[PDB]
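Examination of the molecular architecture
Spelled out, the chains give:
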Amino acid sequence: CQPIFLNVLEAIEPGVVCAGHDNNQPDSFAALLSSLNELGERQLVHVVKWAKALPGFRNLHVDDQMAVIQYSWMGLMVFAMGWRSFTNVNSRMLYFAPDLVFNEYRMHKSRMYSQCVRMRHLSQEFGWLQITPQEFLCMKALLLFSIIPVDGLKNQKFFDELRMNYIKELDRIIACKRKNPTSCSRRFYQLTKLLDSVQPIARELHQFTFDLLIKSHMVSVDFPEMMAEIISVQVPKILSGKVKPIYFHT
Ligand SMILES: C[C@]12CCC(=O)C[C@@H]1CC[C@@H]1[C@@H]2CC[C@]2(C)[C@@H](O)CC[C@@H]12
Ligand SMILES: O=C(O)Cc1cc(I)c(Oc2ccc(O)c(I)c2)c(I)c1
């Protein structure tokens, strides 16, 4: 147990990132979403640094590195948020950032109440399944390799191999506490189901942010440079079916 791999994941895990939201001003759709967008931009910088530090990531073609990050950031961020919410507030609220916590009122004011419900549900799963910090860490890494173009990447072979190895690492983590061969199988099943559950949530958020970007000027919501570029160039590839999540289960 505690292989080199685990040492690495625990070492590169991003720290706390604030949204920069003004909690003194009364909530408003525009302010809440603009802050969420700014948070996304800030978190993206951390996700990029984190990914480049992942074992074997830099071996992928440079265009594939940027591509997987551009396609998987939503799922990665939502999954990490679900974890923060569970550990910080026991899933009572969505802990996007220390300065941007959503209670039911904000979930409503944000105009994405249903999406927040699914996200809070995901947060609860971390408790219902008793997910460990190590399991969380390995699952999150695997999420970076869980969405690619239907026609493949520049060098699919390398990606396929890397993804396989990350799956193997999850196996090791699972086997490192399951004496009985029955609980080990069940666990992998459970975690892959949890991992898959992230995709539909990310898709709904992709749909929502895309629409928001389109009418951003009319509702006065600001989108930082990178966010606007990725949501108008990469996200549509996902929504149009050119890029799809890799599901474990059908
Ligand atoms: C990824 C972020 C920001 C980082 C995080 O903690 C999860 C959260 C999930 C909702 C996203 C938000 C970024 C900005 C988005 C994409 C808004 O435009 C609509 C949905 C928001
Ligand atoms: O032994 C461990 O746990 C550490 C470990 C983790 C991983 I992910 C891994 O997979 C690859 C695959 C291709 C490649 O170029 C690189 I760099 C790493 C290997 I090999 C070893």
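Reading guide: rules and limits
- Residues numbered from 1 in each chain as written, not as in the entry; some residues may be left out.
- Chains lettered and ligands numbered in written order.
- Heavy atoms only, no water.
- Near = heavy atom within 4 Å.
- Polar contact = N/O pair within 3.5 Å; in protein donor to acceptor, adjacent residues only side chain to side chain.
- Areas by Shrake-Rupley, 256 points an atom, 1.4 Å probe, with all protein chains shown as cover.
- Helix = DSSP H or I, 4+ residues; strand = E, 2+ residues; numbered from the N terminus.
- Nonpolar A, V, L, I, M, F, W, Y, C, P; charged D, E, K, R; others polar.
- Axes fitted to C-alpha atoms, helices over the stretch in contact; angles between N-to-C directions.
- Parallel < 35°, antiparallel > 145°, perpendicular 65-115°, else oblique.
- Left-handed = near helix turned anticlockwise from the far one by under 90°.
- Contact = heavy atoms within 4.5 Å.

What the deposited record gives as its method is X-ray crystallography, and the resolution it gives is 1.76 Å.

1. Describing the site of ligand 2
Ligand 2 sits among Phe5, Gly56, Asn59, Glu161, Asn165, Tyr166, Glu169 and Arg172. A distance of 3.4 Å separates an oxygen atom of ligand 2 from a polar atom in the side chain of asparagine 165. Contact between ligand 2 and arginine 172: an oxygen atom at 2.7 Å from a side-chain N or O atom of the residue. Compared with its free state, where it exposes 540 Å², ligand 2 has 60% of that area covered by protein. With 5 residues, the single largest contributor to the shell around ligand 2 is helix α7 (residues 156-175). Taken together, the residues of the shell around ligand 2 sort by class into 2 nonpolar, 3 polar and 3 charged.

2. Describing the site of ligand 1
As a structural note, the neighbourhood of ligand 1 is formed by 13 residues, with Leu36, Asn37, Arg84, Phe96 and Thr209 the closest of them. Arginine 84 has a polar side-chain atom sitting 2.9 Å from an oxygen atom of ligand 1. Burial of ligand 1 by the protein amounts to 100% of the accessible area it has alone, namely 450 Å². Sorting the residues of the shell around ligand 1 by element identifies α2 (29-52), α3 (62-89) and α8 (181-214) as the ones contributing at least two each. Its residues assigned to classes, the shell around ligand 1 comprises 10 nonpolar, 2 polar and 1 charged.

3. Examining the packing of α3 against helix α5 (residues 113-128)
Running from N to C, α3 and α5 cross one another at 60 degrees; their axes reach a closest spacing of 8 Å. By the angle class used here, α3 and α5 are oblique. Note that α3 runs across α5; the crossing there is right-handed. Here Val78, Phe79, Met81, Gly82, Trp83, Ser85 and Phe86 of α3 lie close against α5, whose contacting residues are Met119, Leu122, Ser123, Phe126 and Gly127. For the contact of α3 with α5, the per-class residue count stands at 8 nonpolar, 4 polar and no charged.

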